[PDB]
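Colleague: After the structure tokens below, expect a handful of questions from me.
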Amino acid sequence: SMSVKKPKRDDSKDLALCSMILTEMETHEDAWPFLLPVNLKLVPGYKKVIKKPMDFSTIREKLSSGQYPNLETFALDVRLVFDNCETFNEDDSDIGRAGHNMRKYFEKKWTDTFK
């Protein structure tokens, strides 16, 4: 509350560390469904169904231009990518499996870097 603060957690390396995680997600062999925005002209149903499209290249541009206020807003966009994937793709599909794989990969790096 006013003039009453918990001890200051050091967030000065968060930008660099999120960038490293994102580089590892970019280079994973199962990243290919997530590298670029879904083409809304060429994929029937995507525009109407997926209210907030997100992909790794859009997160990379947001990260590089100071559009994440803190490390939690960064994780929310990464998780959005996977939530969108599960909304649109069957689990028993190459893309559906890729999304599960990458979500696991992310959540481990997240825990190990920050928790």
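In the structure tokens, the first chain shown is A, the next is B, and so on; residue numbers restart at 1 for each chain, and ligands run from 1 in the order shown.
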So that I can see what lies close to residue A:100, please list as an MDAnalysis selection string the residues with an atom at most 10 Å from it, counting only C-alpha atoms and leaving out residues fewer than 6 positions away in the same chain.

Modeller: chainID A and resid 30 82:83 85:86 91 106

Colleague: Using DSSP assignments from the backbone, pull out every residue in chain A that falls under helix (DSSP H, G or I) and give it to me as a ChimeraX atom specification.

Modeller: /A:14-27,46-49,56-64,71-88,94-114

Colleague: Atom CA of residue A:80 to atom CA of residue A:93: how many Å, to one decimal?

Modeller: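 Computing it gives 19.0 Å between the two atoms.
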
Colleague: Leaving out residue A:75 and any residue of its chain fewer than 3 positions from it, which residues lie within 10 Å of it when counting only C-alpha atoms, given as a list in words?

Modeller: residues 18, 59, 68, 70, 71, 72, 78, 79, 80, 106, 107 and 110 of chain A

Colleague: Would you compute the distance between atom CA of residue A:95 and atom CA of residue A:28? Give it in Å to one decimal.

Modeller: 13.7 Å

Colleague: Got a sec: who's within 10 Å of residue A:32, counting only C-alpha atoms, leaving out chain neighbours fewer than 4 positions off, as JSON, numbers by chain?

Modeller: {"A": [26, 27, 28, 36, 56, 95, 98]}

Colleague: Keeping N, CA and C atoms for every residue in the selection just given, could you write it to a file as a short mmCIF file (atom, residue, chain, number, x, y, z; two decimals), in the first residue's frame?

Modeller:
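Saved as out_16.cif:
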```
data_model
loop_
_atom_site.label_atom_id
_atom_site.label_comp_id
_atom_site.auth_asym_id
_atom_site.auth_seq_id
_atom_site.Cartn_x
_atom_site.Cartn_y
_atom_site.Cartn_z
N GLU A 26 11.86 -19.61 -31.82
CA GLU A 26 12.06 -19.39 -33.26
C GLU A 26 12.85 -20.51 -34.00
N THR A 27 13.81 -21.10 -33.34
CA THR A 27 14.72 -22.06 -33.94
C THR A 27 14.30 -23.49 -33.71
N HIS A 28 13.27 -23.78 -32.93
CA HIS A 28 12.74 -25.12 -32.72
C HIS A 28 12.20 -25.65 -34.06
N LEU A 36 5.11 -16.80 -38.66
CA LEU A 36 4.54 -15.66 -39.37
C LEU A 36 3.07 -15.60 -39.10
N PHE A 56 5.07 -15.61 -33.71
CA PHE A 56 6.42 -15.28 -33.16
C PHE A 56 6.98 -14.02 -33.76
N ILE A 95 -0.06 -29.65 -37.20
CA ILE A 95 -0.03 -28.32 -36.56
C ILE A 95 -0.48 -28.43 -35.10
N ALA A 98 2.28 -29.80 -33.09
CA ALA A 98 3.33 -28.79 -33.02
C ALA A 98 2.97 -27.85 -31.90
#
```
